[PDB]
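The chain that follows stands alone, in the form deposited in one PDB entry, written as structure tokens.
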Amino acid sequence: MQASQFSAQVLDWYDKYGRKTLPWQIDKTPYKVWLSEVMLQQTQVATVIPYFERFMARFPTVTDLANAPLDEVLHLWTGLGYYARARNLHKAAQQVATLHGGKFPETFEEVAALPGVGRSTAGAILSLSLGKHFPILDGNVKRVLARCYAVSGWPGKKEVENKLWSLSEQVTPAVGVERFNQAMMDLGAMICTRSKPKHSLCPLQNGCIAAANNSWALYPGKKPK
């Protein structure tokens, strides 16, 4: 379907059915969004909430996190798994304190330079917390776009990844970008799921190719072997 229709239908859906009450969505700041994104990378929302609250209480600012001993950070992380995320989290806090005066950077290049932060995550931090014009491409987004536009091939290959980044940019609006990006993650997480996606609850059901062809299993493509 047309790019302008994609954006409008997703935004209208978010307004009435989207999640807007999570802790990291109230009184948003780059620090809070960054922290939530790292915790959410490999952990479900229900498990993350208590940890997010404990971290914000112990570390009100990024400088407080930077000055704390690494052992205390790892102790508070216990139970979230994938500790490389925590080690990079502490190094990034120290980089913000050292190079940016304790104020989380608000430009793409500076954010993407932080340990543990990639292209998609940097775009998420800045679009969600400040409304800057950047698209995202996590597992959730790849699933929705690949199915709606029938993008076959394994995203692990450069040519396929490039096509998906181009599509995301095409459908991502400037006006309301913070609402649109959160909505796309919401959809891929609860509606357009890995298995048995719930088409009847999706705002893209009237134009999605996978839904029309009953071929959601083909997108995104899997690693060939």
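In this text, residue numbers run from 1 along the sequence as written.
What comes next is about the form solved in complex with a small molecule, which is not displayed.
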Look at the stretches 184-192, 169-177, 58-66, 152-160 and give the one with heavy atoms within 4.5 Å of the small molecule in the deposited bound form.
184-192
In the deposited bound form, the residue from 88, 129, 94, 140 that sits within 4.5 Å of the small molecule by heavy atoms
140
Residue 70: heavy atom within 4.5 Å of the small molecule in the deposited bound form?
no
Wondering, does residue 26 line up within 4.5 Å of the small molecule in the deposited bound form on heavy atoms?
no
Can you work out whether residue 40 and the small molecule are in contact in the deposited bound form, taking contact to mean some heavy atom pair no more than 4.5 Å apart?
yes
